[PDB]
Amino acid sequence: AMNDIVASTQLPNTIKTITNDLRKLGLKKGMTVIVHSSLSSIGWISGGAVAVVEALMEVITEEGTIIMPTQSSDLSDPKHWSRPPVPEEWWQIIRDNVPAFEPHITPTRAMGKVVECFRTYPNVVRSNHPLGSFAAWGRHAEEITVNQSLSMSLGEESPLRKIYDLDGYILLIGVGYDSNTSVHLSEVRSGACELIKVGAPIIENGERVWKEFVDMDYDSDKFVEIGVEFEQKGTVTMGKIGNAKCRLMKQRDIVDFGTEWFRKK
């Protein structure tokens, strides 16, 4: 309900107030940052998702880099679907008919309106993976998004590793660690999960192909627990953007912690 969102807000959030809140929390010009958001968590915003994207770009600038996950699990093999599952009798029709990934076109699923706004901005570029893409904007946009591997999509050949190499930051706006994509790189590095056979529809040599490949069975339901232990160290900056509880942290910090956590089990 928009009703509850308006009832819960004292004054409008605007590009200007958001920009203020972001700077207060520690975002600054030139920073490399991957962002995860819930728009409704902030309270009512004048301009909605556009105001958030504009505020982020204002603070970070073209001399910095904004990254967001642009996952499209709508295109994944339906045998592994539980959110919701679909009947087994549909599975093969989906493989034969789900449209192939095209980075300018394919909508995201479960990423949020901010992401949908962001990925269609001018000068925003998207990585090539049919399930596990990211979108970036700014100084290191091209470098972060190019040459993502089909297999091991969130691993050492992915945008996550490039953010790591850039000593980047993670901003969570009113969401928890189950939305912290970067912790998948901890899974890869720790060998935390099983490999499984997955599939996705791609344009390959100029035609739709249902492509089979192997990826880790990524599982964000362990992340919340990792997050609680991580924040005992006291290296996460916490604060508000409007009504939302937000967290700013160094990506290497949580990735390294997650890797050591999985290894010790």
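Each residue number is its position in the shown sequence, starting from 1.
Comparing the deposited coordinates for 148 to 156 and 179 to 187, the stretch with the larger average C-alpha B-factor is 148 to 156.
Once the C-alpha B-factors are averaged per stretch, 111 to 119 and 167 to 175 rank with 111 to 119 first. In this structure the maximum Cα B-factor among 229, 58, 63, 221 is found at 221.
Sorting the modelled residues of the chain by their CA temperature factor places residue 200 in the highest third. Split the chain's modelled residues into thirds by C-alpha temperature factor. Residue 136 is in the lowest one. In the PDB entry, residue 42 places in the middle third of its chain by CA B-factor. In the PDB entry, residue 127 places in the lowest third of its chain by CA B-factor. Looking at the C-alpha B-factors along this chain, the one for residue 51 belongs to the middle third.
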